[PDB]
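# Close look at the chain arrangement
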Amino acid sequence: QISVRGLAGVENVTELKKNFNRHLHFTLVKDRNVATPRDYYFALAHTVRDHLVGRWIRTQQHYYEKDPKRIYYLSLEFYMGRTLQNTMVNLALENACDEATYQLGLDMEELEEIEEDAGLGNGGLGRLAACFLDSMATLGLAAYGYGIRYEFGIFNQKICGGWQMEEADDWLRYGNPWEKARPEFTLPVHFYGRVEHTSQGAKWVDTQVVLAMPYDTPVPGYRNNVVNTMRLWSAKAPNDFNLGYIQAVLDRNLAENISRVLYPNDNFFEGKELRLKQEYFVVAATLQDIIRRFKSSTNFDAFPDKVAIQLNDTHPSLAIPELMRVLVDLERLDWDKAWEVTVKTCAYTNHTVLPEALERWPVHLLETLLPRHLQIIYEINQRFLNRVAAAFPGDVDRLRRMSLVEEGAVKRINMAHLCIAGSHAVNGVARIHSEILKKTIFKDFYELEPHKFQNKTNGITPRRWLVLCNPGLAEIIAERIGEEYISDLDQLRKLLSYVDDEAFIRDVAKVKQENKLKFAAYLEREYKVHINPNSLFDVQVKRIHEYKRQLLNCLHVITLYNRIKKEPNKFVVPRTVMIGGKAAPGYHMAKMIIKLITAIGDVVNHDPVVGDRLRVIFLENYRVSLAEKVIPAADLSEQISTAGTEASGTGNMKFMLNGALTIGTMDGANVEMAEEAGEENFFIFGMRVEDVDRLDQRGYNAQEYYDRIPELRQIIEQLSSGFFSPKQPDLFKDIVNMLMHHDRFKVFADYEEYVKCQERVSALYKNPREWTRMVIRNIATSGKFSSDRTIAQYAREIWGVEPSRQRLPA
Ligand SMILES: *Cc1c(COP(=O)(O)O)cnc(C)c1O
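Taken together, the 3 strands give an open sheet; going across it, the order is β15-β17-β16, and neighbouring strands pair in antiparallel fashion. In this open sheet, the two strands that pair with only one neighbour each are β15 (360-362) and β16 (405-406). Bridging between β16 and strand β17 (residues 412-414) involves 2 bridges; their strand directions are antiparallel. Bridge assignment links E406 to a residue of β17, and that residue is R412.

The immediate surroundings of the ligand are formed by 15 residues, with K542, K548, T650, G651 and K654 found nearest. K542 places a side-chain nitrogen or oxygen 2.8 Å from an oxygen atom of the ligand. A distance of 3.1 Å separates an oxygen atom of the ligand from a polar atom in the backbone of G651. Here the ligand, which alone exposes 390 Å², has 97% of that area covered by the protein. Of all the secondary-structure elements, those providing two or more residues to the shell around the ligand are α24 (624-630) and α25 (651-657). Across the shell around the ligand, the residue classes break down as 6 nonpolar, 5 polar and 4 charged. Two domains share the shell around the ligand, each providing at least three of its residues, namely domain 1 (1-459 + 787-810) and domain 2 (460-786).

A few words on the domain arrangement of the chain. When the parts of a complex come together, some accessible area is lost, and that lost area is often taken as the interface size. By domain assignment, the chain separates into domain 1 (1-459 + 787-810) and domain 2 (460-786). The C-alpha-based centres of domain 1 and domain 2 are spaced at 31 Å. Every contact between the two is made by 60 residues of domain 1 and, on the other side, 60 residues of domain 2. Counting the surface lost from both domain 1 and domain 2, the interface buries some 4900 Å², and carbon and sulfur atoms represent 53% of this. When the buried area of domain 1 at its contact with domain 2 is split by residue, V4, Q157 and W163 rank highest and sum to 13% of it. Applying the counting criterion to the domain 1 and domain 2 interface returns 7 salt bridges. Residues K591 and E166 are paired through a salt bridge, measuring 2.6 Å at the closest nitrogen-oxygen approach. Linking domain 1 with domain 2 are 37 residue pairs in polar contact. When residues of the side of domain 1 that touches domain 2 are traced back to their parent elements, those giving at least two are β2 (78-81), α3 (84-91), α6 (124-138), β5 (156-160), β6 (163-167), α17 (431-439) and α33 (787-799). Here the element with the most residues in the side of domain 1 that touches domain 2 is α6; it accounts for 7 residues. Grouping the amino acids of the side of domain 1 that touches domain 2 by side-chain chemistry returns 20 nonpolar, 24 polar and 16 charged.

With that settled, consider the pairing of strand β13 (residues 307-312). Summarising burial for β13: 6 of the 6 residues are buried, a large majority. Bridge count for strand β1 (residues 70-74) against β13 is 5 bridges, and the pairing is parallel. Of the residues in β13, the one forming a bridge with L74 is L311. Alignment of β13 against strand β14 (residues 346-349), held across 4 bridges, turns out to be parallel. Note on β14: the bridge partner recorded for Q310 is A347.

Looking now at the side chain of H351. One can find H351 in the loop between β14 and β15. A relative accessible area of 14% places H351 in the buried class. At 2.7 Å, the side chain of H351 and the side chain of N312 are in polar contact. For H351, the contacting residues outside a window of four places in its chain are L125, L128, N267, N312, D313, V429, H433 and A647.

Further remarks concern the packing of helix α1 (residues 10-27) against helix α2 (residues 37-66). The relative placement of two packed helices comes down to the angle between their axes together with the axis-to-axis distance. Contact geometry of α1 with α2 gives a least axis separation of 8 Å together with a crossing angle of 120°. Taken together, the axes of α1 and α2 lie oblique to each other. Here the hand of the crossing between α1 and α2 comes out right-handed. Along the contact surface, α1 presents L16, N19, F20, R22, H23, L24 and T27, while α2 presents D39, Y40, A43, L44, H46, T47, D50 and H51. Residue composition of the contact of α1 with α2, by class: 6 nonpolar, 6 polar and 3 charged.

Rules and cut-offs
- Residues numbered from 1 in each chain as written, not as in the entry; some residues may be left out.
- Heavy atoms only, no water.
- Pairing = 2+ DSSP bridges.
- Helix = DSSP H or I, 4+ residues; strand = E, 2+ residues; numbered from the N terminus.
- Near = heavy atom within 4 Å.
- Polar contact = N/O pair within 3.5 Å; in protein donor to acceptor, adjacent residues only side chain to side chain.
- Areas by Shrake-Rupley, 256 points an atom, 1.4 Å probe, with all protein chains shown as cover.
- Nonpolar A, V, L, I, M, F, W, Y, C, P; charged D, E, K, R; others polar.
- Domains from an automatic or database assignment.
- Contact = heavy atoms within 4.5 Å.
- Buried area = accessible area lost by both parts, 1.4 Å probe.
- Salt bridge = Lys/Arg side-chain N within 4 Å of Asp/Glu carboxyl O.
- Buried < 20%, exposed > 50% of the residue type's maximum accessible area, 1.4 Å probe, protein only.
- Axes fitted to C-alpha atoms, helices over the stretch in contact; angles between N-to-C directions.
- Parallel < 35°, antiparallel > 145°, perpendicular 65-115°, else oblique.
- Left-handed = near helix turned anticlockwise from the far one by under 90°.

As structure tokens, this is what we get:
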């Protein structure tokens, strides 16, 4: 069909078809008379999977022979999404499989929709890890993703009566063809117990044991025959466990609950024991696995030369004291030597500055669950503060500010401080975020060790986020500049010379229109809700959170609605406002925001006077698979977090690469995106970080904005009076009260500039040709945001390894 999807060779299409039938028969035990679409999906999945194994085996054999430095990316989240299409794209099998299934009388797209999303992540943090794995494989790095195989990933979101309802994500229900259980590599993990101090060294004894069973998932690089591994641990109770008989067996559930479910919090720390167990479980199993692999390749001096451990935020921070524990207690290295190795091995990436998101574990929890680790942490702190005291003599406050131990109601361990002390590199995920780290939260640490601090702006993989979800766009681009850009996104700059090309302008616009038509259709297919494909698609999809300000978007929507009702026969650019995202189950305000959005839709979508001029739709169950559908269809990308709160954002990059213009604040990566494309080609508005600080010093008083802005006042009064909730007039009292008296995110402060900026957007949309030309200017300069660039920087500036675009013999 299309170029970038590879060749549909005669021999390969024939081979695919027979292997497809082979699996349908021998693997699924079905014939064409009783096979269902799901059976066909699995038959295709196994057929494609077969093509991975050969490459997987030799890639691993290759690393064993050459023994390069290994990169271990530790994360409690990996938001992988679907694997079938991504695998075909990276193996250049898409057209062949498309043809083969066509000849078998099947629609491959229909089959791809059957695959369950692997949702082992909450959002941006987990998705970044997924993009990173893809890029590390594409750049030929000997990298391993290590995490937890949650039985239940992020919950599926159902909207009932306008409210979010959660339901278990039983993603393993029908089985997972992409994972290979490796029970032979099961490792023991210890919990509780006590510390015994003997003649030579301390011993952690009387512990309760849980087994960690690994499951390996292949991670194919883009057309380079490299297939790396993502190893996820599953909790298994030992057999002598708790060994009435029946009860003892049933109580195994206790130990195995460790890998049962993903905590559904985004940018929010919940200090529960189960979560701490998950964090140690992944770290303990991973480190033993890492050391085992190393001992094959006694003098750990070379450990840092053969191993790099990247901590995805502080979630796996226990890797530092655990590594010390193993080196000191088990390998018997002197403290100083062990510490040197640990620091040179570990690197930490911070993904937030929000106080409620930082991990601060109660000492009493670590005391009971991990007694030896607590001792090691105290020793680390003791030695670290001695260093601080020597550098800043007499500065007693600095000592208490930098301590890993926070005093107060209950003593807590600041995991971020632990990570900085035990890592040779600490990085932010966007230039502005990394600067904020050095100027605020980690200022004291930056002053003590400036060399440790770096920036590594986030990125997204152009394979899944362009080629896979937007083949039409990838095609028209390849037509003009070739296919090299897929693994070298910077080449998109060449598209700048086509900004005045009438043919190109027309094609870019045509692809967008086709995507919108396809999405508009999907909305009626699976969700039954009519929308106008000619309207501007205004979308904000991301987790529901106060800092992301879906509420600001809501205020604008209501403003648009009120303006139409005031002057019905006045022309306005038609818009379809789409907002989607999940709210953490225990985040009340977030759940109220979802209700507000659907409530606004209830009024707006049924008002005769509005017609098809304005529609408000809440995209149910936003997840990776849905993102792949809506992003390519978007015209306007909403990235409106309060300046200084969105560490980076990555959804923003996805929209930019897919032909949507961006309306946003100078926050996170938005700053660099505007810088790359040019501010004239971006819709920037609102306070900058400095303005937010100025307002805080003075004191934020929402009442002021309410008193000076009639349109804003009207909206608040509509919310308070029950205009959007007739049966329950005071339904949104909490929202109004928050907005008026304790809005940490200054929604009102950016309201005027936001509405004004939105008017500029509507003005440009009225001129199809110029809107599209600006779009081309965005797509052409999105190259910097490829995770290949990000990973190349991590590789050279932190891990000390050189990326390679060399194909392996397949
Ligand atoms: C990319 C992505 C995110 C991150 O979006 P932001 O707007 O940066 O918060 C969250 N969820 C999903 C499913 C994603 O694909």
